[PDB]
Amino acid sequence: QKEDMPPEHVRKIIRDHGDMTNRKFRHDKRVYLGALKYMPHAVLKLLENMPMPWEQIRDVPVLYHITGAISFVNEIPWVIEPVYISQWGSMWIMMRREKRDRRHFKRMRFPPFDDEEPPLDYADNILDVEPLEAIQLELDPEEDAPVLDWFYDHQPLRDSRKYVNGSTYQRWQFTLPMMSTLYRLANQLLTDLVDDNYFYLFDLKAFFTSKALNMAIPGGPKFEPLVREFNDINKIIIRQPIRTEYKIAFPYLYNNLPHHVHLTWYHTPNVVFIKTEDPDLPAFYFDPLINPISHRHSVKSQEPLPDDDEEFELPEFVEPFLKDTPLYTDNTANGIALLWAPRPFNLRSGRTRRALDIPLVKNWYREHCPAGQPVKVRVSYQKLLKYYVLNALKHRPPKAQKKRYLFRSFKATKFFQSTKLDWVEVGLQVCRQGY
Amino acid sequence: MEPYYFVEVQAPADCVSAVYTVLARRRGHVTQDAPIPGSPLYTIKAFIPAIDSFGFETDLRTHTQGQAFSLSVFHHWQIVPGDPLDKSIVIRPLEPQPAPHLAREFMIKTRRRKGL
Amino acid sequence: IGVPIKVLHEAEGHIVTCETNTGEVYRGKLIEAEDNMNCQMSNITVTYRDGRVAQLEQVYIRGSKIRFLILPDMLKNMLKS
Amino acid sequence: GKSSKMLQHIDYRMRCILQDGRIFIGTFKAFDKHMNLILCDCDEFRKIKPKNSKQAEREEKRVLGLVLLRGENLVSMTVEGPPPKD
Amino acid sequence: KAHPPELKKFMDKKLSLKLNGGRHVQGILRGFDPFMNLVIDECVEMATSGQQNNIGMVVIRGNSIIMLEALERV
Amino acid sequence: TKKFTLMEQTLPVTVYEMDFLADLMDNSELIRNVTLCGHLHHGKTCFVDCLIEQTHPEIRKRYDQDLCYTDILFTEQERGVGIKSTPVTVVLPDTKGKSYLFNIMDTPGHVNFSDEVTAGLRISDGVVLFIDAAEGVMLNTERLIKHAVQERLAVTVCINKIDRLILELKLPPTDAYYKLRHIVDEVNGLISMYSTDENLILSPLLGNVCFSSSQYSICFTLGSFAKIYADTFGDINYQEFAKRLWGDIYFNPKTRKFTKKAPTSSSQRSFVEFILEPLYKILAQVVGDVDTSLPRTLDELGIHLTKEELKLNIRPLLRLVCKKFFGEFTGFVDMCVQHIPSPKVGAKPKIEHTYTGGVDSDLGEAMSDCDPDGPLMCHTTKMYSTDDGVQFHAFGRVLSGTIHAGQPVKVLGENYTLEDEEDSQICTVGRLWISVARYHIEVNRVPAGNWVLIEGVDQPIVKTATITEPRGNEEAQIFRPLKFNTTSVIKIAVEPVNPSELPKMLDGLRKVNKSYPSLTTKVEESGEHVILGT
RNA sequence: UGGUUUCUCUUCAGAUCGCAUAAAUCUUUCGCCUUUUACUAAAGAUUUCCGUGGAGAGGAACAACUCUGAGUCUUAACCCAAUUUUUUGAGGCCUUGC
Ligand SMILES: Nc1nc2c(ncn2[C@@H]2O[C@H](COP(=O)(O)OP(=O)(O)OP(=O)(O)O)[C@@H](O)[C@H]2O)c(=O)[nH]1
Ligand SMILES: [Mg+2]
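Residue labels reflect position in each chain's written sequence, counted from 1, rather than necessarily the entry's numbering. Residues lacking coordinates are not shown. To read the labels, note that chains go from A and ligands from 1, taken in the order they are written. What is shown is a subset of a larger assembly, and the numbers refer only to that subset. Side-chain descriptors were evaluated using all non-hydrogen atoms of the structure, hydrogens and water having been removed beforehand. Residues with missing side-chain atoms are left out of burial classes, side-chain pairs and their counts.

Method of determination, as annotated in the archive: cryo-EM, at 2.86 Å resolution.

Per the PDB entry, the recorded name for chain F is 116 kDa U5 small nuclear ribonucleoprotein component, and the organism is Homo sapiens. UniProt's Subcellular location comment on chain F is quoted here verbatim: "Nucleus". UniProt positions are given in the numbering used here, feature names are shortened, and annotations may be inferred rather than shown by experiment. The record in UniProt for chain F states the following under Sequence similarities: "Belongs to the TRAFAC class translation factor GTPase superfamily. Classic translation factor GTPase family. EF-G/EF-2 subfamily."

The name that the PDB entry assigns to chain C is Small nuclear ribonucleoprotein Sm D3, with the source organism given as Homo sapiens. What UniProt states about chain C under its Sequence similarities heading is, verbatim, "Belongs to the snRNP core protein family."

As structure tokens, then:
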């Protein structure tokens, strides 16, 4: 295998190859121009691995040309999804607590360096400086105990074989205290919807039925027409005005010509989940939100009572099955709470996802909103709903190809080496290379 | 004679008042508002007109954000309060007529429908 | 509990033939078969050792005093064992 | 050790000898603790077990069918022929 | 195990009992135990001669019970 | 392609049964015709899904839901309803082991689809009611109690979703026992109001009412749990132990016996303790103790999960633990076989309310004998569609005689009477189908008591008709038309857009009229098409 | 009747996924509208890119093994003597059949 190079090699290559005005490197003047056609791609990886405001420094692997023509970042950011949502909920809490508790928040100047300023060298201006404190909310050592040791690492439990596999960082396996702690760290970014009966006329198939017709929903998206002596008005009882949502709820019965219409899932059994307040109360008790039973019956039915002189007694070696075990532990109510939880948090184990592929604010624009809000945010929620419907509609399946691996074919050549570098150093390199 | 529909709605507590409003806007007369024993949801049993019951489910689940849920069976026939034969009352073309002449309106519409 | 015993219980409700330890042959409907091979039957034809037949409505034979039973072939299709 | 001595002969055609001296030949499909036996396509012989008796091989043969024999009344068993494929 | 014989259906019914030794008796079932020992009331010995003689209430050991037949409908 | 009936592709991997199925068909008292009804969606399909998942191994494993068997269409599979009364038939054993033959009619639960439930209920001699444990008695529950008491069948209920007591409501065991007893008492009250008969009262001690959570494959009667309890432990009479479990009955740990009051020291019931204590232990140790102390619980129950099986999420792991603890669905087999009159007994009260004439000396005794011979008669009521084919098969049950393939058929209609033989006509059987819901398979003959699809007789059977022998001196009546729980009220005026294809539209309208049992498609004097629905 | 982390290659997989979501080409309407690009917003037909899965091969171990849990001659003390079974109500005799 081609192995990692010392990080000073690419550094001195970029330092010697300056503004490419030296005569000595004129033979490389051609090569750099060709590397221009990969500068979009080298941009993408550069911004794909941006380091996450709870991080001070991220070291990324770098695939670099031997002349210093280009620097690619050869890494996909796998970010395990419950930990990612908990960390951004932590960021949400800290930023609200900072913006309320700061006398004057000075905004950054957005052309940060001046136009005629040459870019700063990493090796002297940045390499020796201690970075800063990151954001990284203070965690309770007793209440946030199974999370506190690893919660603000880059790829947190990576070298622990009990919780993930290896260093490819692909499959995670947590415990229910970990999932409980990640769940109550992320309450600021999650919802309180236990069942999807909220989305009766406001879900995906309903919006497809709306786009197939000319109908809009009052809190939903608006589209373009997909198609662009019987109904006598003295023969029709207009008793109730035909409310427009009937055309979604029952599409064939209330319209003529329902072409390209989608059927709607219309009811789930109402999930009735009692949220417990304190652990002083037991795990499952009769909650005072539940209506009592109070049995009443008129005449007693003759249910069987095998009376005395039946002489049926149990043997000595028999007991109730699990009377040795207690009825409930301190982790029972938390696990029942983890049963009705959003899709990352309702499970023990899964497969890692990219930082790209995790929408933090998707559940916020998917629900309809309380009217007290301004006009601006209502139009914005409607447009984001329209974007979600256009994403879900024109989804052709992934079309299984032959895998191509551009960066594996670059580092199989003799023109590319590989190292590991600070993200800020590679970003300064990419800016100098594109310039 | 008008057909009526027996409607059972399962709903949360503020949705009980929401069901009461939506069902009372359709000449309702809610029959029973008993709770469910062993559940925090309430059962609302009621009668409804069956001309007023085209989309009561959809309107109800829209107004209650999908919390309340409604089903409807046929069991009943009782008298339309209007005078079915009345030449004094003139029926408007499109405007919905009130209670004193609903039978006249419905008879004129069914007369114009097939029989003449 | 024995494999043959399960197959016997399977024949409950079917017409079966039973020979006793004394060679009397009882044919009719098996109502109940116990674990020990005790057999309740109904509407019997009995064929004695001399060859003569008789008819009985209801019988019960002790398992120990049964030599064997013939069951339908409907059952033959416990092939796991 | 192996328990196989019965399980080996399972599915085979088997010649079983009863305490009165009858010969039951059927397909050995199941047994148990008591040696209660399950015999498919079973016939009963009385007079002989043929070793090619030039006069005839078969007298007093009766077709029985599917037989459950109680182990109390079993004496012995030998292999009569291979399993039918069916 | 230690099972009962399923004979409650036959309780207080007249029965015909075939015993070992080619012996036959008739009487009313008054009770039983797990060994199939029986109590038979108003019992009558059916002698091989054809003659029948009343022996009253008796115990039959289940060991020697070949077969029973109900003379009633159960 | 004009197929949307979801991949029939017949490959059953049932365990050692082909001939056995038709062998149990030929017994006529070893078959049970059950119909299953619920208020709306109360778990009936996932129930029959678990039953067939018991039935068919090495395939047939469902992940994150199935419901294919009673939900084989594509509009049906997306709405959430079961719109059809899709039947199924299987063989599956008892606590003893004698496998019976079950014809499960799997009805809709929606109020507007009571037609399907009625048509299934008339052909099956037993009804099984499903009530959500967290709901109680509901609208269509009471409506189908009415319709089941009226059309003379045995009645038995099965309380489903008892996990929602545990995991959603989070009730104590005593309060959840109170709620289950309340549901049973409300069922007995609704039955006692309607039935003038008294020998139909249901109680858990009797054995007919069951308890079965169906996403996790729990199903226990008191006999089934007692059979588990006795198969683990010694030689307890599990029937006599099961008799003394439900209802105000306590275990005294000194005298080792069941009393009515005698420990009054804040004890719990026999049901509460013995049933709901270990069940809540299993549920709680799965949902909250999977990492710490779950194998310590599993070693106390004889349950051995592998390394791969322990790494599941809480829903499949909970289902797998409850499958390896409860095993088969034999309590349902107990409440069926011990309480459904298998169609020797079932013949008489059915034929005294279906047949027009009566008990009389020609037809009645031949029906109630129900031998597969003699006056060949049936009753087809459902008309099930093929995917592409114009022909849609009849579905009925053979009362007397058999049906052979190629045997010709006189279809007595419904406007037919005894002295009016112009409605009826004669046809010939195309094929005989017996269906496993997601699969179909041919038979050469169907004896008496069994359900059957008929191919090729579809032209005279609009909604209700009877099947008999052709040109035979056997002259009889027709069974009565379908009395319905609801009356069809909603009238829809209908007219085509293009008036150039009235015959094709009337053809498809006649076909959907033949499909649904209460669809009423007529033409009034003004010449506009009228569809009456529920 | 019994043992896995990482790198590369090949091959097969997208009719309920990649529980996420971009751009392009064509053809047909459009929508503005000085003309061409750059575009509006729909339907359809196709592709590219960022990702993914199953199997096989090889390399880099920085994991450690074979009286071991399971045997084809070892190893779950319990399937080992009172009527339903593995410990005989047995014993005796005689006639018939090639
Ligand atoms: N909590 C819980 N939910 C269940 C259980 N069984 C089924 N469900 C859910 O309840 C809903 C109804 O299930 P179905 O069986 O499809 O409905 P049904 O009872 O057949 O009634 P139809 O929909 O009319 O066929 C489905 O979403 C199931 O996933 C259960 O045991 N517990
Ligand atoms: Mg020009």
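Caption draft 1: Spotlight on the sheet that holds strand β2 (residues 87-92) of chain F. All names here are of chain F. Strand pairing requires that DSSP identify at least two bridges connecting the strands. Secondary structure elements follow DSSP: runs of H or I no shorter than four residues count as helices, runs of E no shorter than two count as strands, and numbering proceeds from the N terminus. The strand order across the open sheet formed by six strands is β2-β3-β1-β4-β5-β6, and the pairing between neighbours is mixed. With one partner strand each, in any of the chains shown, β2 and β6 (210-212) form the two edges of the open sheet. For this sheet, the mean angle separating the axes of adjacent strands, direction not counted, is 30 degrees. Bridge analysis of strand β1 (residues 31-38) against strand β4 (residues 126-132) gives five bridges, and the strand direction is parallel. Fitted lines through C-alpha atoms give the axes, limited to the stretch in contact for helices. The angle between two N-to-C directions lies from 0 to 180 degrees.

Caption draft 2: Highlighting the environment of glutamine 391 of chain F. All names here are of chain F. Topologically, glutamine 391 is positioned in the loop between β9 (377-385) and β10 (392-400). For the pair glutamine 391 and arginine 471, spaced 80 residues apart in sequence, the C-alpha separation works out to 25 Å. Excluding residues within four positions of it along the chain, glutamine 391 makes contact with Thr386, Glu455 and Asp458. Should any heavy atoms of two residues lie within 4.5 Å, those residues are considered in contact.

Caption draft 3: Representation of the interface of chain A and chain F within the structure. Taken together, the contact pairs 65 residues of chain A with 73 residues of chain F. Sorting the residues of the side of chain A that touches chain F by element identifies α6 (176-185) and α9 (332-339) of chain A as the ones contributing at least two each. For the side of chain A that touches chain F, the element with the highest residue contribution is α9 of chain A, accounting for four residues. For the side of chain A that touches chain F, the residue count by class is 38 nonpolar, 15 polar and twelve charged. Throughout this entry, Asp, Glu, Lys and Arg are counted as charged residues, while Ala, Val, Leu, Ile, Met, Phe, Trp, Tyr, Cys and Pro are counted as nonpolar. The remaining residues, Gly among them, count as polar.

Caption draft 4: Region of the structure containing the packing of aromatic side chains. Each aromatic pair joins two rings of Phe, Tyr and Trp (for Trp, the six-membered one) with centres within 6.5 Å, and gets the label stacked for planes under 30 degrees apart, edge-to-face for over 60, and tilted for any other angle. A ring pair is formed by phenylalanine 312 of chain A and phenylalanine 241 of chain F, whose centres lie 6.3 Å apart and whose planes are at 50 degrees; its orientation type is tilted. Remark: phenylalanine 241 of chain F occurs in helix α9 (residues 238-243) and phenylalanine 312 of chain A occurs in the loop between α8 (246-249) and α9; the pair is interchain, linking two chains. Ring centres of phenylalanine 321 of chain A and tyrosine 229 of chain F lie 5.5 Å apart, and the angle between their planes is 85 degrees; this geometry places the pair in the edge-to-face category. Of the two residues, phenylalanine 321 of chain A is situated in the loop between α8 and α9 and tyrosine 229 of chain F in helix α8 (residues 222-232); the pairing between them involves two chains. The side chain of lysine 414 of chain A reaches across the aromatic face of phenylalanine 415 of chain A, ending 4.4 Å from its centre. A cation sits over an aromatic face here: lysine 146 of chain F above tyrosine 194 of chain F, 4.7 Å from the ring centre. Here, a charge over a ring is recorded when the distance from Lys NZ or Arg CZ to the ring centre is within 6 Å and its angle to the ring normal is within 35 degrees.

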